[PDB]
Every structure is written in C-alpha cells, then in structure tokens.
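One chain comes next, on its own, written as structure tokens: the form deposited in one PDB entry.
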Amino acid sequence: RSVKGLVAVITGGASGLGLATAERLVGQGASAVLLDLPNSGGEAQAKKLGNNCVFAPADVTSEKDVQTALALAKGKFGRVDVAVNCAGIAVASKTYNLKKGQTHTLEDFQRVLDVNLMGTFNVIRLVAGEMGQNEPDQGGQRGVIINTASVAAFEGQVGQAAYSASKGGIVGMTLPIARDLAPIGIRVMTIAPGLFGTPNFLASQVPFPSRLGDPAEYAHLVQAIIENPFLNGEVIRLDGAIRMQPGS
C-alpha cells in the first residue's frame, strides 16, 4: 500500500526516532499525532510540520493520558491506522560492583520497565480498541502497530540490565500480541535499532556503514513495514551489522 491518508500516532514523537518517523510520514502524505510529554518541545515540532500534524501531550504510563491523546487523535483526524512506539528512557547502572560496594537501585529498574515496557503495552492495548473501529481494508487489515526494542534485547552490555530487560520484554510480547490481534487484522512488528544519532568511538564500532544510524533510516523501515502487508510478528535489527561488545 501507500501511506498517503493514513493517520499515525507516534509516541516519543517530539524527538529522535519518533520525530524522524513523523517527518517522513507527513512528507509522504500521512497525518501524524506526536504523543509526548508536556514540555518535550512537541507543540513547536507539530507547528513546524504543518496542518497534518498535531501534538497530544501524554505520559505513556498513564491510562488517562493515553485515553485523552487517542480521543484527540479521533477528534482531529477521525481514525487511527498506525501506532509507532518510540517513547523510552535509559539508565546505565551495574547490577552489583564489588570494588565500589554499589548495588543497582530497585527504583532505577522499575522506572525503565515502566516507561519502556509497560508504557508500550499501555499504548498498544488502548490503540488496538481504536483500530478495531476501522472497517477492514480489501486485505482484512484494520491497523499496524510498530514497537521499538533495541539490539540490547539480544546482547546487552555491562550496565544495561534494566534497559535490556525492558527491551527483551518488547521482543517477547511481539508474537503473542500479533496472535491476539490477528483475528481483527492488526499487524504487530518490532524494530531493534543498533546505535543511532538522536539526542566517534561508537561510530567506529559499526561494521558497515561505519557510522551511527541516521534517524531517517529508522523512519524508512517504519514506512516499509506499513507498506508490506505480509510483515507480522517479527523483530528486525537495524544496526549496520553491529554486535555489541561487553563494554565496561
């Protein structure tokens, strides 16, 4: 298919991979809702992108906020066809460090799980109901949901336990959610990015091309997933063939 006329809700849409996705899709004729925190810069980004883009302030961990954002999307554009989960946070903290006597805090683990994993699920479960209102297309499809994991789901480095747990959870739930939503024609896919230039040594680690990924390359893969009706239930690494070393 083509993305012209589709309505996309993009979490984390004020910055980075989410913003690059919004820019590409709006440039291809889609409408976009940037779902991001208050004072994320989302309003100014939506204004810059023109009248087919609006900002919906929301914390993905809040049922009430996501409900409000989806009602805003419905009032503005009439339907939701695509959801892209880019909202996320990171921490670097070792499980335990004997030399320094330091133990990872429980709260640092919980915070990253809540935003990255529970937040993605919260958006999925609520947007599925919105997509379920669509009449199926000629191929039976009502929507497409795309999540963002990380190569840390597969080769987490020293200090990445919390982040890797959160992203490994995204990977683990991709297939069951695709199976849950198959009877109503919503595809569910995940991208696992490597190292991307969002907000020299890191670049040199990538086999080829030997640079950070361009956010537009993430946006290109999102578009390819929306366009290809047979991509479902899968995780795609987008990473220049990197495999992460253990680090320190």
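Heads up, when I say rigid core I mean the largest set of C-alphas that superpose within 1.5 Å between the two forms. Residue indices: 1-based, along the sequence shown. Only residues modelled in both forms are compared.
The next section is about a form of this same protein that is not shown, the form deposited in another entry.
After superposition on the rigid core, the C-alpha displacement between the shown form and the other one reaches 2 Å or more for just one residue among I177, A162, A128, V80, namely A162.
Positional change of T148 between the shown form and the other one stays under 2 Å at the C-alpha, relative to the superposed core. Put simply, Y163 and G16 spread apart in the other form: their C-alpha atoms are 3 Å or more farther than in the form shown. Figure legend: C-alpha atoms of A162 and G41, shown here, are separated by at least 3 angstroms more in the other form.
Core-based superposition between the shown form and the other one shows that the consecutive residues, three or more at a time, whose C-alphas shift by 2 angstroms or more lie in 109-112, 150-167, 193-199.
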